[PDB]
2 protein chains.
Amino acid sequence: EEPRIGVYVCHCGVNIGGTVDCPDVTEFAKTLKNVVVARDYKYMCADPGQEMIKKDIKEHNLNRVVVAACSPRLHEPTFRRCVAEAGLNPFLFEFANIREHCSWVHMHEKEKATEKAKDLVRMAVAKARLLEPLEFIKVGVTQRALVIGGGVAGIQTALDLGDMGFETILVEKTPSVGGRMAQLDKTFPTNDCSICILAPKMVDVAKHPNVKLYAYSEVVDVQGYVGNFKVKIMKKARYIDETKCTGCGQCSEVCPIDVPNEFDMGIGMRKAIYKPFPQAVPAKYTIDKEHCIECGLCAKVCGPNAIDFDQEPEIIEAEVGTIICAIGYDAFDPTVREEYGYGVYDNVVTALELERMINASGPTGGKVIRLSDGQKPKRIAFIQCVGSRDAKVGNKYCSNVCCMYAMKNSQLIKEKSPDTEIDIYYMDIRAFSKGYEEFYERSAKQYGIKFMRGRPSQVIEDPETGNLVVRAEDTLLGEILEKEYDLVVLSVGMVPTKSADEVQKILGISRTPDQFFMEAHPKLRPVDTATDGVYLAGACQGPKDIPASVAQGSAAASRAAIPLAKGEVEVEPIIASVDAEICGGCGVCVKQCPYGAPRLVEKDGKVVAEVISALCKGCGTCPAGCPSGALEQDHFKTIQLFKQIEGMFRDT
Amino acid sequence: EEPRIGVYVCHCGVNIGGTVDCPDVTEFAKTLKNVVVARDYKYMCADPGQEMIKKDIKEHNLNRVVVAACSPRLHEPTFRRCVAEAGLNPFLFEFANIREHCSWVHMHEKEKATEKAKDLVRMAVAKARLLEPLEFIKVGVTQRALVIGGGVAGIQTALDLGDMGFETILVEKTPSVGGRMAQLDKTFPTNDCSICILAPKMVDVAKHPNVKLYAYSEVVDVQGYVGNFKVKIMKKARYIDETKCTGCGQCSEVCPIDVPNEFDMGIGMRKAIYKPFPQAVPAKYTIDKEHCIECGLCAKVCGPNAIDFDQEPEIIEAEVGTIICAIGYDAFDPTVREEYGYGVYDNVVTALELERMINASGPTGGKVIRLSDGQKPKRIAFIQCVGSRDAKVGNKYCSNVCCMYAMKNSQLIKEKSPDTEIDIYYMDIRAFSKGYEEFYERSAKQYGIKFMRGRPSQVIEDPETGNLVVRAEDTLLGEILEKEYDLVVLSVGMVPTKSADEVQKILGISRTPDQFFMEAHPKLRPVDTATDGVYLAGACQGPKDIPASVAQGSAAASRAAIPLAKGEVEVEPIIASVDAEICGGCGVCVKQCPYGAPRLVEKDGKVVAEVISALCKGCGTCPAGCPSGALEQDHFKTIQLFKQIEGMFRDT
Ligand SMILES: Cc1cc2nc3c(=O)[nH]c(=O)nc-3n(C[C@H](O)[C@H](O)[C@H](O)COP(=O)(O)OP(=O)(O)OC[C@H]3O[C@@H](n4cnc5c(N)ncnc54)[C@H](O)[C@@H]3O)c2cc1C
Ligand SMILES: Cc1cc2nc3c(=O)[nH]c(=O)nc-3n(C[C@H](O)[C@H](O)[C@H](O)COP(=O)(O)OP(=O)(O)OC[C@H]3O[C@@H](n4cnc5c(N)ncnc54)[C@H](O)[C@@H]3O)c2cc1C
Ligand code: SF4
Ligand code: SF4
Ligand code: SF4
Ligand code: SF4
Ligand code: SF4
Ligand code: SF4
Ligand code: SF4
Ligand code: SF4
Ligand code: SF4
Ligand code: SF4
Ligand code: SF4
Ligand code: SF4
Ligand SMILES: [Fe+3]
């Protein structure tokens, strides 16, 4: 049968129509071979727009549909479901991107944008003619979830999925769950003890009947697709018998190697054999082989003889249906902003280091003290937006929680020592959520915390006393201030965690300009990724506070529970297949596939290649490399792409 | 059985110990009758502290445990689980608050604070002796959910629950779903049309096999408890047969009565027979009997003969297990800030009215025009924080979205008319989330939008031209500005919706100081309420944007899916019960219960009262009002409270 194409040009209100002359593109589409219906509408994805396509498919007997509008990455599934409801196979639908790829980037070149939209429509129509009906492949869903990261976001996802009755696996990189929330003393805007409220959730997730906790473990490999993921978890060796470990801590006293305690942000010193924090879950000790000298002094003191250097990491193979990435964030390193002197001046600290100094279980015993002489500071300055809203460090985003934690920690210091003078150097006070503006009012009115509108130019240390001078313009007075302080606290921003690169490659997910993980859509899908079966939750998706991370943890559980609850999902049949009559078994395709899908086999007395359909992810590398043309990727066949290329210059 | 009490005095590091002499309180606890074990520890909620109680329950055969520490509102579940793990019934545990109620508020009166701690311990020990072992009530869960409000948040909850396989009911007050998002033209920070994200979701929810949509309907009654709610939905009469209606709108072109369109904020004119907006769902019409003259002109053009003036509202009785409140918000009415002249000056508009003016399907055809002469403004001023961060109007909170929508609408006006001059009068620019700070940078750098740091004192109209003058101090220059504008846009804040009072009474939920709905906990249960089985999602819980409302919608689906998935939930046994041997059926208790749990019945030939256990919420009002003493609330019995009162002055 000959193609009967329906072309739809969206205006997207004025997003497309305001730059591209949609009525003119619609008239041009009609001049193309096989195009029998062409219409322009304000919103093609809206009810009237979708009903218009369906009605035309039936009335004009269309076997191809072209929608010139937004990106397929946003509404391709939406229009595929729309055409399928009218009886048209979803793979006979073609998208032409004239918004993100045209109207939004050629706003001052309307005529050339209109001509580009015509060519993009002709290219879409050209490929559409040779598109073929493909059967959406129905695949089963393994009734099991995987959560990567055991912070407040990850713990919430696992608890929600576990409570729903779904088997869940929670992998935590460090020896304990809890994340950065465990490092905080209190939490704004209620000033609740962070661990005193998080600990119950850590306890709950550790003994949940539907949650398998793998602490001090890392996901080293993920293979497959939605509902059929095959994951490899490396249970790292603590070199201490897990079951015989009491958690008393007497073998550390003899260890001669001092390692900076990561949990205390480098202020504290721990041994090669240790426990992250006193309320850690699971409560067990670990040996760090990156700094261990293997002298065996700890083993002599240890009664249980739990210490075993011959311990080997275990690779656990698990099958899951959905994966939730909740690996969190890291604090920005302010060494780069040299004018502030971090790493040079002893009394210049970050806010996360202050959290630890303020924390009762911290290295200073909950006492805020100068690192140069151990004395309590009488005057403190907070410097906002350090590593945020700054093009010089490549971080042009708002870290979201720094205004609030600076005001919170200032209240905690005033509670401990009311005589302390505290000044906050800011640009904008961002107290945007429930009880936040009130917290800001309270900080000034009740605690006497002072606010200076002006981003400091530099910090100068007095080498004789260790005191610091903050140079900044009080923009509200139009005068330069040069106030002296005993301690300067840099309100550092949030950056993706160090392991984010490793996790990105394993899950096959993208990043946003801020370097955090990319959600499928900022409003249509805040916790989904463009990779089916992979979701996000917490700070790893972008800078945010606890309730936002907790809500995202719950949102991810719901979204990841949909495929599990359904028990069946549909996958794109854009896979490679070999034409046995043309393949002479050259073997070029075999090594090109990273999944090992194409394999040489015997057929009709001779050798030929054959693709294991289930192992093909549909990249199109082996068909591109096939020298005989026997290998072809459905939906991206060479002939289809060839006509698309012709479509840019002429009607084919 | 004789009470064997274990008393534990927490130091909370120095939070309690630094004011209260804990060792002295422990010595005093030992002098009380039945106290077998008394110990003081740094952190009672920590692993060593919890294990110390468990070990003592076993080794000293305790049948009562008293913990003198912080608030039960913080660690009551924690210590309940701790004692239950040692075999002790959780209702034989008593909490004494010596931190929030003593050490933290009597810091300068240590001696009196220690004597207060001793009395609080004696009061706890006194009640503890008469505490009894109790068991939780297990109840079934109806496999069905109810969502109130069909905005982006409510639609997301219903779609997620439906996709999970749970039957869901979505009740929408107005004739169409979509909410305030439907009124917006574009949406920050992507500047997508609001329709781009919302319409497909509206279409999906309207034809979902697991979602029953009741548009133009309201919940009039809710009875029961978690997993056993009995709801009454009033399907308001549209006076049109929905199944016969096509939604063509031939009727609207004939109707002679003009009613102000509520959807366009009074700026638009609709007919008696109307459709809220062109992309409305369901695509059906509605007759407003408040303004219909019943001429029957619309019925003559209606082909399928759907119009029926004899339509009566239907009361639908439905049984649900969980309820999600997503009723949204209303825009603040700026008439009260009289210095700005809203409702007095024709060219002073709200931001929500501007959304309708800018919208292509709006009353002005997407043209921003002055309401005094219909001309397009060349100079526009945006006034931030109108009805927010203001004690004079009783709204001391940040409305969260006004900074971003002002910058977004300014970008949109610049796109339609680049010659337009736009100034934004602000205090703090709150662009706190992903891509928000970048959107703010873009507004100034790309669109040339100007920012004036200064909250305007007043707006003065020129009665002769209709132009407005904005009086404000440019705080960054220390000079007073008196710039003239063609249009002044008030960036109005968010307030709870008008129906919020009705919904609050029906669901039995609380409100936070901002008047929005109260979540169970700000940090860990952001979408739950203290009322089991009732959840929140969207702007009705607090001012927030679409990404946050969508994530909350998904978070609520997950949380509301837990009881449904479990199929069984537990209810607290701290309920009222009647002692049949003492009750002579006086009937005083019956009308005191707002849930109607206590009921009169015939037993052994005589009248006696009986409480329906599942219906009791545990307030203790009817036992307090019982004149015979037959009615008692377990855990708060009169004898228990009597001993507690004695405990303040003496032992026992
Ligand atoms: C100084 C400061 C003060 C703050 N104060 C407050 C406050 O008062 N109130 C508030 O609400 N918020 C505050 N915040 C924000 C708060 O820290 C975050 O909201 C919160 O930690 C988010 O939790 P998360 O689970 O998403 O990530 P995280 O807390 O960082 O946890 C991530 C977890 O994943 C693990 N992980 C990382 N990589 C891997 C991997 N490859 N495999 C397995 N596991 C991995 C980590 O070890 C960690 O346990 C503050 C932030 C800072 C920096
Ligand atoms: C001028 C303006 C511009 C904005 N611009 C943006 C933007 O660009 N980007 C962005 O992200 N956010 C923006 N916002 C915020 C955005 O409007 C909200 O985030 C969003 O509408 C919240 O969705 P919701 O469902 O929670 O509330 P709503 O949109 O208000 O939905 C509530 C729904 O419940 C229904 N309802 C009410 N009462 C009852 C009842 N008793 N029974 C049944 N149903 C009921 C209502 O009719 C309504 O349909 C803007 C807000 C304003 C005022
Ligand atoms: S390794 Fe031995 S000494 Fe160290 S905590 Fe474990 S049991 Fe105690
Ligand atoms: S063997 Fe390793 S952990 Fe043990 S004492 Fe020596 S360096 Fe420390
Ligand atoms: S939240 Fe406050 S301190 Fe943090 S980057 Fe944004 S404006 Fe700066
Ligand atoms: S590359 Fe082409 S010809 Fe060679 S073995 Fe593979 S399918 Fe056959
Ligand atoms: S197209 Fe070829 S190389 Fe790519 S995943 Fe499929 S079989 Fe492997
Ligand atoms: S039990 Fe309460 S008072 Fe004692 S350490 Fe814990 S939080 Fe602080
Ligand atoms: S989202 Fe796509 S189809 Fe919908 S109105 Fe915007 S451009 Fe058109
Ligand atoms: S009531 Fe009749 S005329 Fe009006 S839209 Fe419905 S079908 Fe058309
Ligand atoms: S009968 Fe009512 S709805 Fe119909 S045209 Fe007359 S006023 Fe309008
Ligand atoms: S978001 Fe902006 S305009 Fe709105 S109340 Fe907060 S600071 Fe004021
Ligand atoms: S008030 Fe007391 S005595 Fe009277 S009916 Fe109720 S339980 Fe019986
Ligand atoms: S104690 Fe309160 S809720 Fe319970 S039966 Fe009596 S009045 Fe009703
Ligand atoms: Fe505690």
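Each chain gets a letter, A, B and so on, in the order the sequences are listed, and its residues count up from 1.
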What part of [X] is in contact with chain B, defined as an atom under 4.5 angstrom from a non-hydrogen atom: side chain, backbone, both or neither?
| X | value |
| --- | --- |
| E85(A) | side chain |
| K544(A) | neither |
| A46(A) | both |

[X] versus chain A, the contacting section by heavy-atom distance below 4.5 Å:
| X | answer |
| --- | --- |
| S388(B) | neither |
| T512(B) | side chain |
| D514(B) | side chain |
| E438(B) | both |
| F439(B) | neither |

Query raised in the report: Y440(B): what forms a ring pair (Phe, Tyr, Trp, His ring centres under 6.0 Å) with it, not counting sequence neighbours?
Result: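 Ring pair (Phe, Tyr, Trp, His ring centres under 6.0 Å) list for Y440(B), sorted by chain: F451(B).
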Query raised in the report: For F517(B), what residues pass the ring pair (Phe, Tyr, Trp, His ring centres under 6.0 Å) criterion, not counting sequence neighbours?
Result: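 For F517(B), no residue satisfies ring pair (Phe, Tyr, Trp, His ring centres under 6.0 Å) once neighbours in sequence are set aside.
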Query raised in the report: With a 3.5 Å cut-off and no angle check, do the side chains of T190(A) and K523(B) form a donor-acceptor pair?
Result: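 Judged by distance alone, the side chains do not pair up.
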Report task. Start with the C-alpha gap between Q541(A) and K434(B), add the side-chain angles, then the distance that decides, and say whether side-chain contact (heavy atoms from CB on, under 4.5 Å) holds. Result -> CA-CA 9 Å; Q541(A) 182 269 333; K434(B) 196 171 224 197; 3.7 Å; yes
Report task. Please lay out, stage by stage, how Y43(A) and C193(B) fare under the test side-chain contact (heavy atoms from CB on, under 4.5 Å). Result -> CA-CA 9 Å; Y43(A) 316 107; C193(B) 283; 4.0 Å; yes
Requested in this report: Decide, yes or no, whether a salt bridge links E437(B) with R389(A) under the criterion of side-chain N to carboxylate O below 4.0 Å.
Outcome: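 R389(A) and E437(B): salt-bridged.
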Query raised in the report: Less than 4.0 Å between a side-chain N and a carboxylate O, is that true for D428(B) and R430(A)?
Result: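 Between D428(B) and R430(A) there is no salt bridge, as every charged N stays at least 4.0 Å from the carboxylate O atoms.
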Query raised in the report: For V550(B) and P526(A), which heavy atoms make the closest approach, and how far apart are they?
Result: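 Shortest heavy-atom separation between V550(B) and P526(A) comes out as CG1-CD, 3.5 Å.
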So, do [X] and [Y] sit near enough that their side-chain heavy atoms are less than 4.5 Å apart?
| X | Y | answer |
| --- | --- | --- |
| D192(B) | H521(A) | yes |
| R525(B) | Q156(A) | no |
| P547(A) | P522(B) | no |

